[PDB]
Amino acid sequence: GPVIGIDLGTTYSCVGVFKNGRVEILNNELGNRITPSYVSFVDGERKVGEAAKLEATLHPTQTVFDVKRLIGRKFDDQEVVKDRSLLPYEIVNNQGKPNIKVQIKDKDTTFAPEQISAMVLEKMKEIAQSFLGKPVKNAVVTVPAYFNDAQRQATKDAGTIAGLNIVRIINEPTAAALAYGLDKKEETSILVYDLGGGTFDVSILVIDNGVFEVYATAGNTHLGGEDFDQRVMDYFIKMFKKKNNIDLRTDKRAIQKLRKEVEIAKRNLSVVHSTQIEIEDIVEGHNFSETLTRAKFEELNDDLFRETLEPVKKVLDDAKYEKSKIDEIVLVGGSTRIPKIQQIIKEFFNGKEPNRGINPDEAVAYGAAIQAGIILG
Ligand SMILES: Nc1ncnc2c1nc(N)n2[C@@H]1O[C@H](CO)[C@@H](O)[C@H]1O
């Protein structure tokens, strides 16, 4: 049968197929190549993807996301304790393991993380089946390089629940190296800088005669694009209060509409220098109309951009590497399109240029698809 490739990300998932000697990254039913990793349990309906994400605003306790943060971990791990305090849906202690609790038709229902991740995998599988017009039973699925045996096994178990045999788990850095087609011959040391919507990961990947090994990993589990948007929102919430004596945080619907326009404005400022953020009647009788420059966008976030170099220093130190030992810097995740990010990395690497695909959110799924093709021969 076919083997598909899935990037099971913290904030999103992406599915690729390898067919007629090319990788195709598939669109979801709404025409996007990225599906938000969200599942909602409201009014006796289950939704998966953007339709679930949209329920988060009015149904924050029934809308599950960021499950990758919980999968294969223990309820008392410091990281899960921190996540229970950040996440608005109920996380309960099932015999030492975090489980998700929600209501379906008012009934208390508990899920393992791998059961919610299975629902994201199910949807990616259905996109692949309808595209290939065949059943799909096998997949390459990616995980972070720092995932331990229980986190990898819990991801495999997610596959099994979704009716997917996970024939191979590969780390996200390896998947990126496969996508960018880094020469497998002789020896290459690669810094993989992966700045996503929710998380930052950096790995030293060494490629030696077609053998891939991650020598060191570090990161910041709570640093990504969504933080850069929150810094902009904070700024404009302050200004709108100053100007109109309206605190937009008093209206959940206003904050949702602002967040959407702020995300687009940030994307615009990776290409242009100045952009308009506009919402008619952000509340009744009050338009939101503001300009954001690249310079102000950077000023609002410069300490977070700069923070990304602390994990870079840690992996160089952990692997007893000097900046020079790094042969190529590869960038993954849409957040790496921010010019200032590219600039800061370059100057850290004493002038060296980094490589950024042009679909950096799809590189990991692309690599997983390539791995599927490699396995099929
Ligand atoms: N043009 C762009 N400039 C800055 N950030 C961008 C971006 N494109 C994406 N996807 N991103 C962000 O990447 C993350 C993963 O999708 C999200 O936080 C996007 O906003």
# chains A, B, ... in the order shown; residues from 1 in each chain; ligands from 1
$ residues_around --residues "region 146-152 of chain A" --least-positions-apart "4" --cutoff "12 Å" --atoms "only C-alpha atoms" --output "PyMOL selection string"
chain A and resi 8+67-74+97+113-114+141-142+156-159+166+168-173+201-204+214-219+221
$ write_last_selection --atoms "C-alpha atoms" --output "PDB file, in the first residue's frame"
ATOM      1  CA  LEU A   8       2.360  16.126  13.845  1.00  0.00           C
ATOM      2  CA  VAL A  67      -1.744  17.919  23.179  1.00  0.00           C
ATOM      3  CA  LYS A  68       1.739  17.210  21.779  1.00  0.00           C
ATOM      4  CA  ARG A  69       2.940  19.010  24.972  1.00  0.00           C
ATOM      5  CA  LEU A  70       1.292  16.203  27.066  1.00  0.00           C
ATOM      6  CA  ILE A  71       1.806  13.003  24.972  1.00  0.00           C
ATOM      7  CA  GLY A  72       3.970  10.274  26.705  1.00  0.00           C
ATOM      8  CA  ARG A  73       4.628  12.467  29.792  1.00  0.00           C
ATOM      9  CA  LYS A  74       3.677  12.091  33.531  1.00  0.00           C
ATOM     10  CA  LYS A  97      -0.456  10.326  33.276  1.00  0.00           C
ATOM     11  CA  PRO A 113      -3.386  12.618  24.654  1.00  0.00           C
ATOM     12  CA  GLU A 114      -2.756   9.864  22.034  1.00  0.00           C
ATOM     13  CA  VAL A 141       5.380  10.496  11.411  1.00  0.00           C
ATOM     14  CA  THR A 142       7.852  13.024  12.809  1.00  0.00           C
ATOM     15  CA  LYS A 156       2.935   5.316  17.557  1.00  0.00           C
ATOM     16  CA  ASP A 157      -0.146   4.455  19.706  1.00  0.00           C
ATOM     17  CA  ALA A 158      -1.891   7.570  18.292  1.00  0.00           C
ATOM     18  CA  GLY A 159      -1.198   6.093  14.829  1.00  0.00           C
ATOM     19  CA  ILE A 166       3.687   4.160  11.881  1.00  0.00           C
ATOM     20  CA  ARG A 168       9.063   4.819  11.052  1.00  0.00           C
ATOM     21  CA  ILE A 169       9.279   7.715  13.532  1.00  0.00           C
ATOM     22  CA  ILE A 170      11.913  10.263  12.377  1.00  0.00           C
ATOM     23  CA  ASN A 171      13.023  13.368  14.203  1.00  0.00           C
ATOM     24  CA  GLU A 172      12.006  16.795  12.808  1.00  0.00           C
ATOM     25  CA  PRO A 173      15.655  17.801  12.108  1.00  0.00           C
ATOM     26  CA  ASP A 201      13.773  23.956  18.849  1.00  0.00           C
ATOM     27  CA  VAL A 202      17.427  23.977  17.737  1.00  0.00           C
ATOM     28  CA  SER A 203      19.414  20.754  16.999  1.00  0.00           C
ATOM     29  CA  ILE A 204      22.932  19.955  15.808  1.00  0.00           C
ATOM     30  CA  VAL A 214      21.242  14.509  16.433  1.00  0.00           C
ATOM     31  CA  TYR A 215      24.294  15.359  18.692  1.00  0.00           C
ATOM     32  CA  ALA A 216      22.453  18.004  20.798  1.00  0.00           C
ATOM     33  CA  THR A 217      19.062  19.735  21.129  1.00  0.00           C
ATOM     34  CA  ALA A 218      17.755  22.734  23.127  1.00  0.00           C
ATOM     35  CA  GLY A 219      14.824  25.060  22.837  1.00  0.00           C
ATOM     36  CA  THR A 221       8.825  25.285  24.725  1.00  0.00           C
TER      37      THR A 221
END
$ residues_near_ligand --ligand "ligand 1" --cutoff "6 Å" --atoms "only C-alpha atoms and all ligand atoms" --output "list in words"
residues 196, 197, 225, 226, 263, 266, 267, 270, 333, 334, 335, 337 and 338 of chain A
$ write_last_selection --atoms "N, CA, C and O atoms" --output "mmCIF file, in the first residue's frame"
data_model
loop_
_atom_site.group_PDB
_atom_site.id
_atom_site.type_symbol
_atom_site.label_atom_id
_atom_site.label_comp_id
_atom_site.auth_asym_id
_atom_site.auth_seq_id
_atom_site.Cartn_x
_atom_site.Cartn_y
_atom_site.Cartn_z
ATOM 1 N N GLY A 196 8.480 27.775 15.297
ATOM 2 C CA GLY A 196 7.090 27.483 14.903
ATOM 3 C C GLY A 196 6.114 28.520 15.433
ATOM 4 O O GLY A 196 6.532 29.614 15.813
ATOM 5 N N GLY A 197 4.833 28.198 15.402
ATOM 6 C CA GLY A 197 3.780 29.011 16.027
ATOM 7 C C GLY A 197 3.895 29.027 17.557
ATOM 8 O O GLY A 197 3.657 30.079 18.146
ATOM 9 N N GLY A 225 5.739 32.151 16.994
ATOM 10 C CA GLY A 225 4.999 33.201 16.289
ATOM 11 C C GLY A 225 3.856 33.749 17.118
ATOM 12 O O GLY A 225 3.649 34.966 17.078
ATOM 13 N N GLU A 226 3.124 32.899 17.849
ATOM 14 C CA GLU A 226 1.932 33.335 18.632
ATOM 15 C C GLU A 226 2.372 34.308 19.737
ATOM 16 O O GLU A 226 1.575 35.196 20.080
ATOM 17 N N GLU A 263 -1.959 38.738 13.112
ATOM 18 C CA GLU A 263 -1.212 37.613 12.469
ATOM 19 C C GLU A 263 -0.912 37.965 10.992
ATOM 20 O O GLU A 263 0.247 37.786 10.541
ATOM 21 N N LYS A 266 1.682 40.948 10.825
ATOM 22 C CA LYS A 266 3.034 40.384 11.007
ATOM 23 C C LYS A 266 3.562 39.748 9.704
ATOM 24 O O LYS A 266 4.807 39.881 9.395
ATOM 25 N N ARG A 267 2.740 38.937 9.057
ATOM 26 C CA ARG A 267 3.148 38.253 7.810
ATOM 27 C C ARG A 267 3.508 39.333 6.773
ATOM 28 O O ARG A 267 4.613 39.258 6.198
ATOM 29 N N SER A 270 6.959 40.889 6.996
ATOM 30 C CA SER A 270 8.117 40.073 6.534
ATOM 31 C C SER A 270 8.476 40.465 5.089
ATOM 32 O O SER A 270 9.594 40.200 4.680
ATOM 33 N N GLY A 333 9.925 26.369 9.958
ATOM 34 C CA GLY A 333 8.839 27.120 10.594
ATOM 35 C C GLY A 333 8.694 28.489 9.993
ATOM 36 O O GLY A 333 9.748 29.152 9.721
ATOM 37 N N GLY A 334 7.443 28.882 9.780
ATOM 38 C CA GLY A 334 7.064 30.144 9.109
ATOM 39 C C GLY A 334 7.667 31.346 9.797
ATOM 40 O O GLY A 334 8.024 32.292 9.102
ATOM 41 N N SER A 335 7.884 31.270 11.111
ATOM 42 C CA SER A 335 8.409 32.414 11.895
ATOM 43 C C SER A 335 9.819 32.775 11.423
ATOM 44 O O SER A 335 10.311 33.907 11.732
ATOM 45 N N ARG A 337 10.633 33.422 8.514
ATOM 46 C CA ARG A 337 10.507 34.427 7.412
ATOM 47 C C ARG A 337 10.721 35.844 7.940
ATOM 48 O O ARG A 337 10.852 36.740 7.149
ATOM 49 N N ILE A 338 10.647 36.049 9.252
ATOM 50 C CA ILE A 338 10.824 37.391 9.858
ATOM 51 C C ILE A 338 12.250 37.813 9.534
ATOM 52 O O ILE A 338 13.186 37.158 9.990
#
$ closest_atom_pairs --of "region 20-50 of chain A" --to "region 354-367 of chain A" --cutoff "9 Å" --atoms "only C-alpha atoms" --output "JSON lines"
{"residue": "A:23", "atom": "CA", "partner": "A:366", "partner_atom": "CA", "distance": 6.5}
{"residue": "A:24", "atom": "CA", "partner": "A:366", "partner_atom": "CA", "distance": 7.9}
{"residue": "A:25", "atom": "CA", "partner": "A:366", "partner_atom": "CA", "distance": 6.8}
{"residue": "A:33", "atom": "CA", "partner": "A:362", "partner_atom": "CA", "distance": 7.7}
{"residue": "A:34", "atom": "CA", "partner": "A:361", "partner_atom": "CA", "distance": 7.7}
$ write_last_selection --atoms "N, CA, C and O atoms" --output "tab-separated table (two decimals), in the first residue's frame"
chain	number	residue	atom	x	y	z
A	23	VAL	N	6.87	14.77	-4.28
A	23	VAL	CA	6.14	14.99	-3.01
A	23	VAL	C	5.03	15.99	-3.29
A	23	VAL	O	5.29	17.01	-3.95
A	24	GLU	N	3.83	15.68	-2.88
A	24	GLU	CA	2.68	16.62	-2.93
A	24	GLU	C	2.27	16.88	-1.47
A	24	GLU	O	1.90	15.89	-0.79
A	25	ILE	N	2.38	18.12	-1.01
A	25	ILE	CA	1.78	18.55	0.28
A	25	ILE	C	0.28	18.82	0.05
A	25	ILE	O	-0.03	19.63	-0.80
A	33	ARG	N	-2.66	23.92	3.48
A	33	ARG	CA	-1.59	22.89	3.50
A	33	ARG	C	-1.18	22.60	4.95
A	33	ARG	O	-0.54	21.57	5.17
A	34	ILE	N	-1.63	23.44	5.88
A	34	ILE	CA	-1.45	23.39	7.36
A	34	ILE	C	-2.85	23.30	8.01
A	34	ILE	O	-3.69	24.11	7.63
$ select_by_dssp --residues "region 80-261 of chain A" --states "helix (DSSP H, G or I)" --output "VMD selection string"
chain A and resid 80 to 86 113 to 132 149 to 161 172 to 179 225 to 244 248 to 250 252 to 261
